[PDB]
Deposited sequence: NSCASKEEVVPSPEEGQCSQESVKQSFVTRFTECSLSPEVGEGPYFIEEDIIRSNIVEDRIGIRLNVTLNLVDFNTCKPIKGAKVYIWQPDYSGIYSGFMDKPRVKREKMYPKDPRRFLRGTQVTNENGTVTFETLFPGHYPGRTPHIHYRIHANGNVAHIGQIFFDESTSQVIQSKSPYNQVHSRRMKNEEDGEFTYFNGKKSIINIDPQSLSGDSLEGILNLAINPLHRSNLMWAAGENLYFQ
């Protein structure tokens, strides 16, 4: 129960209700279950009814909707393809929990591997961030197929450094090396209006 850090949205958010737990579609990689537990910063009690969005690139660093890897611009970015793999939304339960069935993310050049997330509560964009991986685990996974077929360090990454990525690393249960299980506990502020959206 300390306020989780926020991190810039980047350019590839797509504001669509795709409410599902399994976001893999046709993508290939290593299965990762991402469980996020949300509490209200103020009370430390779980937050119920919050919409959690995640989005991430596939193993070779492609984002669905931006598969033609277009030029990035400060002005509002619009997806060209209709694919939505590796994107989803889940609504927190009584316990403040959502779980997604995803893959370990690939990454871009000039970025460390991560999964984005954005949370709506009370019709406000309450919190935007990024999920990072412990260096040892990331190294293990990147040595396996298909991740090893195409890496900026956490500490080289502008976003990780500037926005406290250290407090935003997902905890992977090591014995889960059938499918990986990851837990990240977050404390957010449902009254906060984030200003970290791309537009």
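- Missing from the model, relative to the deposited sequence, are the stretches 1-33, 184-186, 214-215, 238-245.
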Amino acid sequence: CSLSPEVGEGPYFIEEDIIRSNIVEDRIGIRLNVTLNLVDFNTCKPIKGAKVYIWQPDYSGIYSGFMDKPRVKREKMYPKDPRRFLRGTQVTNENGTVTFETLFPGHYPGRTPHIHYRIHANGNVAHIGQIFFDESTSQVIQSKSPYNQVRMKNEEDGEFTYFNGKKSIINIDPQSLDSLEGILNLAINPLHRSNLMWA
From here on, numbers count along this sequence of modelled residues.
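- Relative to one another, 32-40 and 57-65 have unequal mean CA B-factors, and 32-40 is the one with the higher figure.
- Between the stretches 186-194 and 20-28, it is 186-194 that shows the larger average CA temperature factor.
- The maximum CA B-factor among the listed residues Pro109, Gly129, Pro105, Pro82, taken from the PDB record, is found at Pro109.
- Note on the listed residues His114, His120, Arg87, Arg71: the highest Cα temperature factor in the record is that of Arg71.
- Among the modelled residues of the chain, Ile169 sits in the middle third by CA temperature factor in this PDB entry.
- Annotation for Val7: C-alpha temperature factor in the lowest third relative to the rest of the modelled chain, per the entry.
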